[PDB]
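Undergrad: Residue numbers (the deposited numbering), protein chains in the order written: chain R, 54 to 138, 208 to 227; chain A, 672 to 727; chain Q, 92 to 143, 343 to 412; chain I, 2 to 120. Yeah, the Cβ is synthetic: ideal placement off N, Cα and C, and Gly gets one too.
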Amino acid sequence: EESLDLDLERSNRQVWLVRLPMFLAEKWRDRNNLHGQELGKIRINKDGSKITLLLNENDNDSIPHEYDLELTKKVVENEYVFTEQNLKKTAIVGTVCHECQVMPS
Amino acid sequence: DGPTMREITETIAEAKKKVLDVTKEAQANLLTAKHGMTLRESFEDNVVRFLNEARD
Amino acid sequence: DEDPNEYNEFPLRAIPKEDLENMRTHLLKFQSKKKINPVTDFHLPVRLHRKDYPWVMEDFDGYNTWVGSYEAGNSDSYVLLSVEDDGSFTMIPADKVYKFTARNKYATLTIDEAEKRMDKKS
Amino acid sequence: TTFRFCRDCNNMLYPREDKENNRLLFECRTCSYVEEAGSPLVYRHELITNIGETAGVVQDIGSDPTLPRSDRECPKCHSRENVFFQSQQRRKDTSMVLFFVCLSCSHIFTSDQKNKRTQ
Ligand SMILES: [Zn+2]
Ligand SMILES: [Zn+2]
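#1: To which residues of the same chain is residue 134/Q closer than 6 Å at the C-beta, ignoring the five residues directly before and after it?
#2: Say yes only if the C-beta of residue 108/I is nearer than 6 Å to one or more non-hydrogen atoms of ligand 2, and no if none qualify.
#3: Could you tell me whether any Cβ in chain I is nearer than 7 Å to the Cβ of residue 386/Q?
#4: Assuming residue 219/R and residue 123/R form a contact by the criterion Cβ under 8 Å, report the distance between their Cβ atoms to the nearest whole angstrom.
#5: Return the first residue and the last residue of the alpha helix (DSSP H) that residue 409/Q is part of.
#6: What does residue 94/R touch in chain Q if you count any residue whose Cβ is under 7 Å from its own?
#7: Closest to residue 39/I by C-alpha separation, out of 2/I, 102/I and 107/I, would be which residue?
#8: For residue 363/Q, name the three-state secondary structure that DSSP assigns.
#9: Could you pull out every unbroken beta strand (DSSP E) segment of at least 3 residues lying fully inside the stretch 10-44 of chain I, listed in chain order?
#10: Are at least three pairs of beta-carbons, each pair with one atom in the stretch 71-91 of chain R and one in the stretch 100-115 of chain Q, less than 8 Å apart?
#11: Around ligand 1, what residues have a beta-carbon under 6 Å from a heavy atom of it, in chain order?
#12: Using only the alpha-carbon positions, how far apart do residue 120/I and residue 99/R sit?
#13: Find the residues of chain Q that neighbour residue 2/I, judging by a C-beta separation of less than 7 Å, and give them in chain order.
#14: Are the C-beta atoms of residue 126/Q and some chain I residue less than 7 Å apart?
#15: Quick one: list the residues of chain R neighbouring residue 138/Q, beta-carbon separation under 8 Å, in chain order.
#16: Counting only C-beta atoms, is residue 115/Q closer than 7 Å to chain R at any point?
#17: In whole angstroms, what separates the C-alpha of residue 5/I from that of residue 13/I?
#18: Got a sec: does ligand 2 put a non-hydrogen atom nearer than 6 Å to the Cβ of residue 112/I?
#19: Report yes if the C-beta distance between residue 701/A and residue 114/I is below 7 Å; otherwise report no.
#20: Do residue 378/Q and ligand 2 come close, with the Cβ less than 6 Å from some heavy atom?
#21: Indicate the three-state DSSP secondary structure (helix, strand or coil) for residue 714/A in the structure shown.
#22: Which residues in chain I sit within 9 Å of residue 394/Q, going by Cβ to Cβ distance?
#23: Look up residue 723/A in the DSSP assignment and say whether it is helix, strand or coil.
#24: Report whether the distance from the Cβ of residue 386/Q to the nearest heavy atom of ligand 2 is below 6 Å.
#25: Is the CB-CB distance between residue 59/R and residue 116/R below 7 Å?
#26: Would residue 53/I pass as a contact of residue 89/I if the rule is Cβ separation under 7 Å?
#27: Using DSSP with H/G/I as helix, E/B as strand and the rest coil, what is residue 688/A?
#28: Give me, in chain order, the residues of the same chain whose beta-carbon lies closer than 7 Å to that of residue 137/R; leave out the 5 immediate sequence neighbours on both sides.
Structure below.
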């Protein structure tokens, strides 16, 4: 579009930044795109905020183990995500509202 | 001699305490350095001097 | 144990393989000290250009410029999680993380002259 | 001392006197920032230091086997369980005063029978 321009963060879209263990990501790659690559689900538990990640049964044969997430602060920093398409257009997609680390299990 | 060895052991024994006594005195900050010497330098001098007085 | 409680769990679409910018989702990070505010009438415009490659970010002239440099990697990696209107989450791997990386400015008509004065010092 | 930085630059602050209202400020030499001073003290030398004596007193201090123990009753919790060391300020002059760290209340007491401390 306008060349060399950046796109639209003004919309204030929020996204989460999550640190994942290398092994888990490796597993995720396995999921088929055709499937839509549903890796598993995220659980939000109350009685305090607890968030965990569990792999889909298809991913591994065993009992799915929950991976606890440690919520973290934004830190004194502003993190924004920008994307570059094949077209090489650049867009300012969203701001990182929350940070989290998925612990290995 | 058997008793000379008892007498020697008890010479070192008393010097060993005399040293602990100056150490306890130095740890309690009551030690008063000799003009032109560290509080520590002054202490080590005493320790070294007692221990030699003893060996002799 | 038994779950007397309720959990809200969302399906996670492990990263869709085919995305237009599947290839590039990047992180642009600014230090809080820089005090960059995206909601600025001034910062309405913004251009991002590769410097020939650090990225160069610039607003309209008269505004600060930032340089973006790439951070080192690790065993763990970051994914961007976005949520669809339907609760489902889609995750995308971060291609690269850049620390920006801007100007000041007040660096014109100086630098080279100051060093020279400094030399007039020794 | 304890000095501040410029919000906006993060660059350090240089003192400027406001000749008119007879007051001290802190200017930034990279931008147009100025802020009034908290204290009148700008520079402190300190030749006869005491900062270094009780350094590296991590709560894990008890986990050092190299450290010696004593049956001295604590001024706070009265516990006869404590590790001890000498002034960690690695100077020649330095006194052989001992610092005892409680294996319960974590309070630092000394053997100094000349003076009374709080560090
Ligand atoms: Zn400044
Ligand atoms: Zn105590």
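TA: Quick answer:
#1: Its chain contains 349 as the residues whose beta carbon lies nearer than 6 Å to that of residue 134/Q, once the 5 sequence neighbours on both sides are disregarded; these appear in chain order.
#2: yes
#3: Interface annotation, residue 386/Q: not in contact with chain I, CB-CB separation never under 7 Å.
#4: Rounded, the Cβ-Cβ distance is 16 Å, inconsistent with contact.
#5: For residue 409/Q, the enclosing alpha helix (DSSP H) has its first and last residue at 402-410.
#6: 100, 101, 102 and 103
#7: 2/I
#8: For residue 363/Q, the secondary structure class from DSSP, reduced to helix, strand or coil, is coil.
#9: As far as the stretch 10-44 of chain I is concerned, its whole beta strand (DSSP E) runs of at least 3 residues are 14-19, 24-29 and 35-37.
#10: yes
#11: Those residues placing their Cβ nearer than 6 Å to any heavy atom of ligand 1 are, following chain order, 7/I, 9/I, 10/I, 12/I, 29/I, 31/I, 32/I and 34/I.
#12: Across the structure, residue 120/I and residue 99/R are spaced so that their CA atoms are roughly 44 Å apart.
#13: The contacting residues do not exist; residue 2/I stays about 22 Å from chain Q at best.
#14: yes
#15: 57, 58 and 59
#16: yes
#17: Roughly 7 Å separates the two Cα atoms.
#18: no
#19: Cβ atoms of residue 701/A and residue 114/I: closer than 7 Å.
#20: no
#21: helix
#22: Chain I residues near residue 394/Q: 10, 31 and 32.
#23: Residue state, collapsed to three classes: helix.
#24: no
#25: Not closer than 7 Å, so no.
#26: The answer is yes: Cβ separation under 7 Å.
#27: helix
#28: 212
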